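Participant: In order, the protein sequence lines correspond to chains A and A'. A prime marks a further copy of an entry chain.
Residue numbering for the first sequence follows PDB author numbering, starting at 1 and increasing by one per position.
Residue numbering for the second sequence follows PDB author numbering, starting at 1 and increasing by one per position.
Number of protein chains: 2
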Amino acid sequence: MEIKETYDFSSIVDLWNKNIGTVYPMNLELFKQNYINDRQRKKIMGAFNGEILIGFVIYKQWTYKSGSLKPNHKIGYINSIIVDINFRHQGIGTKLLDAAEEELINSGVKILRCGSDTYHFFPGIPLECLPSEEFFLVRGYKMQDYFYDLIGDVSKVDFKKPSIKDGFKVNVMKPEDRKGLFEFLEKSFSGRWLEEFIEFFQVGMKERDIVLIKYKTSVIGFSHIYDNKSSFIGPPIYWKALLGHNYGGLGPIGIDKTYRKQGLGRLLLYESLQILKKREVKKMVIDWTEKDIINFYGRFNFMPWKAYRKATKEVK
Amino acid sequence: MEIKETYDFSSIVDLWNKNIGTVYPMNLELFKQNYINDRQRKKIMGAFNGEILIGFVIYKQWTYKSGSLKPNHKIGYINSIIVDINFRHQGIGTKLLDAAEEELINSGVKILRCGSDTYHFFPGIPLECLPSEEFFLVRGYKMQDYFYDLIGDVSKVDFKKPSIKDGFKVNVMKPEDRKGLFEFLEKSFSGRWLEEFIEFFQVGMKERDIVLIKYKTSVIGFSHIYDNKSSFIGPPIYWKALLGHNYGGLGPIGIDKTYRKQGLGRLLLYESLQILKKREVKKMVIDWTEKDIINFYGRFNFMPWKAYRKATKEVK
Ligand SMILES: CC(=O)SCCNC(=O)CCNC(=O)[C@H](O)C(C)(C)COP(=O)(O)OP(=O)(O)OC[C@H]1O[C@@H](n2cnc3c(N)ncnc32)[C@H](O)[C@@H]1OP(=O)(O)O
Ligand SMILES: CC(=O)SCCNC(=O)CCNC(=O)[C@H](O)C(C)(C)COP(=O)(O)OP(=O)(O)OC[C@H]1O[C@@H](n2cnc3c(N)ncnc32)[C@H](O)[C@@H]1OP(=O)(O)O
Ligand SMILES: O=S(=O)(O)CCCN1CCN(CCO)CC1
Ligand SMILES: O=S(=O)(O)CCCN1CCN(CCO)CC1
Ligand SMILES: N[C@@H]1[C@@H](O)[C@@H](O)[C@@H](CO)O[C@@H]1O
Ligand SMILES: N[C@@H]1[C@@H](O)[C@@H](O)[C@@H](CO)O[C@@H]1O
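Rendered as structure tokens:
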């Protein structure tokens, strides 16, 4: 057996699906979109028996800015790691993560994260990969809290419009709103979400995927919505193969801090969901939510669907 | 609004699917099979606005034996409770569970369990119903550990036959094995699993659904396997609508205590899965497993799929 770099995307995806495809079905389009467009220092290391790929790890160091966050070179990420089912418990996973980690460490990493990278596949260790928690524990990762993808079928429920206090308008974005939108993000969400707006517009997000809420003329919040016409495969629709015809998604969503807790997030969410409904969306997902916010979406009939555990290793 | 009994099965199932059908798709056949065949003292209470059902609770007291376990009349169960999404946070759930609980209590119940009943729909509080944990907490239930349904696609992986030490044979059950099987269960699994064998044979389980392992002539273990021809809808195939064509399942599985930890459970599991594979099964589920045993199935590529929290209220 040898460990060496591979960018044999088909073989990786094939191995991915054979091992975990029932619950994280992967396709080449998503795999390539996410791997190729990422701007971090990144690598894929494979484990090989001769010419046969038997496992891999994808890993990154935070070397590229997130909006007005500077990169923190101390942070590295394990995007994914899978050893083929017929080669488990032979130390291969170990050798792969050793190689990843030693490299990150030599280049200055001191905090190693399970998922949560830019162009992530996973917010953390999936519950479906719960037994890997012990693999990570043994290597010095500590297990922390959970995030959840939520699922709902917006074709099945009708909801009541929240009561519009006046001045506030919710609308699908137009090209000429881009200036205002960026101005709002620099103020309120100037980190990764800003960076995602910039990068997603570059990779095929369209104005139709964005809903804005304005007070008078000022942008004071947004959502990103997805359907089966969206060009960019974002996190809500990663696992669209599980979601049927007329799939969709939503996230992220935010309101200017000074307008919070007046029912405006609820209004934006309502309107975003009506747009999706009108687009004939059925099952749809809201990705990477925290526990404390689940009820916000649950009023609209969304339920936790997948769970992911945050996990972090501090380099000694 | 009024609370009163309802056996309007279609309306219940309709409400069930509108609220939680994306993740627990219910059909009338399963609902009726499970509700009607249960032998416990049982009731369904509905909440109504005039003629419209807006919520329900199904509840039971342990009044019927489990194999050679006597019923423990102190145990009651909340099989399920759902309030329609357009009527939440109006106290309806409260009034329903108050009515259920007061009745159980008057009839002698002192321990109240979330799911885990005979003919259960849920081993505990589903993770997809995680926000209800707080509903139950407020009423004095304590949250305990987790159980997991596991999922795998047996069409996608080939496995190695474990090394047969001699004497042990694994075979699909025949009618004439029924005596031996019961003899083995009275010895080794004489509680609910024995009772399930008796009752499932009465409701349409066939010898083809059972695999036995024998040493010489003695039955020393079993599994129950399911495919799309099984007549009895058991727990592994409750959520078959999520599982595609050629769905299947497995569970329970057991080995005589004196033969444990010699590789025989692994051999039985291997053979059971080969049978399913030969029956062209693809996605299949292993229901209600504990954390400590997940790896046993994970060697065969099964992964946690759903999680359920045990929860118990001790009556003051
Ligand atoms: C950010 C993310 O990628 S999260 C998702 C992680 N990936 C997955 O869950 C995919 C499916 N699983 C796998 O691919 C594998 O099981 C991996 C990658 C987790 C581990 O790969 P392997 O090559 O089997 O691990 P390796 O043989 O080095 O195991 C090292 C040690 O970790 C621990 N370990 C590994 N797997 C397990 C397990 N399933 N349960 C408990 N401990 C485990 C053990 O201590 C093991 O030593 P042992 O064999 O002496 O018991
Ligand atoms: C064994 C099993 O059946 S497990 C599955 C349980 N069922 C479900 O999860 C199905 C979907 N959910 C539902 O049907 C409902 O949300 C139910 C049945 C859990 C609760 O019904 P409701 O009629 O909304 O509850 P009710 O209004 O009596 O709530 C009472 C209190 O419980 C607590 N509570 C209820 N729902 C929630 C929630 N989603 N989050 C936090 N606390 C809650 C609150 O303290 C609430 O009081 P409040 O309204 O003053 O905050
Ligand atoms: O990164 S931004 O400053 O642009 C905004 C970040 C805000 N969200 C980050 C992720 N958490 C937790 C994930 O649900 C919620 C807040
Ligand atoms: O009830 S029997 O005596 O027939 C056998 C019970 C054995 N199993 C019961 C449920 N637990 C935990 C559920 O996974 C495993 C043991
Ligand atoms: N839900 C979003 C998720 O999509 C992602 O942008 C992430 C970034 O931290 O956190 C958010 O809350
Ligand atoms: N997996 C089984 C489950 O099907 C059920 O029979 C239950 C009874 O307690 O526990 C078992 O471990």
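Cβ atoms here follow ideal geometry from the backbone N, Cα and C, with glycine treated the same way.
Just curious, the beta strand (DSSP E) that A47/A is in, first and last residue?
Facilitator: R41 to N49
Participant: If you compare alpha carbons, which of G124/A, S80/A and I105/A is closest to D145/A?
Facilitator: It is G124/A whose Cα lies nearest to the Cα of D145/A.
Participant: Just the C-alpha distance for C114/A' and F189/A', rounded to the nearest angstrom, thanks.
Facilitator: Rounded to whole angstroms, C114/A' to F189/A' spans 24 Å at the Cα level.
Participant: My understanding is that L276/A' touches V154/A', with C-beta atoms under 8 Å, so please give their C-beta distance in whole angstroms.
Facilitator: That belief holds up - the Cβ atoms of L276/A' and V154/A' are roughly 6 Å apart, short of 8 Å.
Participant: My parser needs the beta strand (DSSP E) runs of 3 or more residues fully inside the region 85-141 of chain A'; what are they?
Facilitator: 111-114
Participant: Out of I233/A', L97/A' and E133/A', state which residue places its alpha-carbon closest to the alpha-carbon of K43/A'.
Facilitator: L97/A'
Participant: Does any CB atom of chain A fall closer than 9 Å to the CB of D287/A'?
Facilitator: no
Participant: List, in chain order, every chain A' residue whose beta-carbon is nearer than 7 Å to that of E128/A.
Facilitator: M303, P304 and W305
Participant: Report the CB separation of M45/A' from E101/A' in whole angstroms; it is logged as a contact under 8 Å.
Facilitator: At roughly 11 Å, the Cβ-Cβ gap does not stay under 8 Å, so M45/A' and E101/A' are not in contact.
Participant: Which word fits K283/A', buried or exposed, when buried means at least 16 other C-beta atoms lie within 10 angstroms of its C-beta?
Facilitator: buried
Participant: With 16 as the cutoff for other CB atoms within 10 Å, does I164/A come out buried or exposed?
Facilitator: exposed
Participant: Which residues of the region 14-43 of chain A' have a Cβ closer than 9 Å to any Cβ of chain A? Give them in chain order.
Facilitator: Shown in chain order are the members of the region 14-43 of chain A' whose Cβ falls below 9 Å from a Cβ of chain A: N17, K18, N19, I20, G21, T22 and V23.
Participant: Can you tell me whether DSSP reads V13/A as helix, strand or coil?
Facilitator: helix
Participant: Between the region 244-260 of chain A and the region 124-141 of chain A, are three or more C-beta pairs nearer than 8 Å?
Facilitator: no
Participant: What does a CB cutoff of less than 6 Å around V83/A pick up in its chain, not counting 5 residues either side in sequence?
Facilitator: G55, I92 and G93, listed in sequence order.
Participant: Does the beta carbon of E199/A fall short of 8 Å from some heavy atom of ligand 3?
Facilitator: no
Participant: Taking the alpha carbon of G180/A' as the point to measure from, which residue in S116/A', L150/A', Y24/A' and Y215/A' has its own alpha carbon closest?
Facilitator: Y215/A'
Participant: Spatial neighbours of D287/A' within its chain, please: CB distance less than 6 Å, with the 5 preceding and 5 following residues excluded, ordered by chain position.
Facilitator: Only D149, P235, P236 and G251 meet the Cβ criterion.
Participant: If we ignore side chains and look at the alpha-carbon of each, how far apart do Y64/A' and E195/A' end up?
Facilitator: 10 Å
Participant: Which residues mark the beginning and the end of the beta strand (DSSP E) in which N79/A' is found?
Facilitator: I75 to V83
Participant: For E128/A, which of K313/A', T312/A', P304/A' and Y308/A' has the nearest alpha-carbon?
Facilitator: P304/A'
Participant: Below 8 Å on C-beta distance, what does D153/A contact in chain A'?
Facilitator: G21 and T22
Participant: Tell me which residue opens and which closes the beta strand (DSSP E) that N171/A' is part of.
Facilitator: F168 to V172
Participant: Just checking my contact of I220/A' with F184/A' at CB under 8 Å: how many whole Å lie between their CB atoms?
Facilitator: 7 Å
Participant: Rounded to a whole number of angstroms, what is the C-alpha to C-alpha distance between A241/A' and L104/A'?
Facilitator: 33 Å
Participant: Report yes if the CB atom of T118/A is closer than 9 Å to the CB atom of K32/A, and no otherwise.
Facilitator: no
Participant: Assign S10/A to buried or exposed, taking buried as 16 or more other Cβ atoms, counted over all protein chains shown, within 10 Å of its Cβ.
Facilitator: exposed
Participant: Exposed or buried, what is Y7/A' when buried is set at 16 or more other beta-carbons lying within 10 Å of its beta-carbon?
Facilitator: With fewer than 16 Cβ atoms within 10 Å of its Cβ, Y7/A' is classed as exposed.
Participant: Which residues does DSSP pair with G55/A' in a beta bridge?
Facilitator: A47/A' and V83/A'
Participant: Return the residues of the region 80-91 of chain A that lie within a Cβ-Cβ distance of less than 7 Å from chain A', sorted by chain order.
Facilitator: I85
Participant: Can the beta-carbon of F200/A' be found less than 9 Å from the beta-carbon of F232/A'?
Facilitator: yes
Participant: Let me know if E176/A' comes out buried or exposed under the rule of 16 or more other beta-carbons within 10 Å of its beta-carbon.
Facilitator: exposed
Participant: Please list, in chain order, the residues of the region 148-177 of chain A' that have any C-beta partner in chain A closer than 7 Å.
Facilitator: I151, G152, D153, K156 and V157
Participant: For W16/A', collect the residues of the same chain with a Cβ closer than 7 Å to its Cβ; drop the 5 residues on either side in sequence, then sort them by chain order.
Facilitator: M26 and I82
Participant: Between which two residues does the beta strand (DSSP E) harbouring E290/A' extend?
Facilitator: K283 to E290
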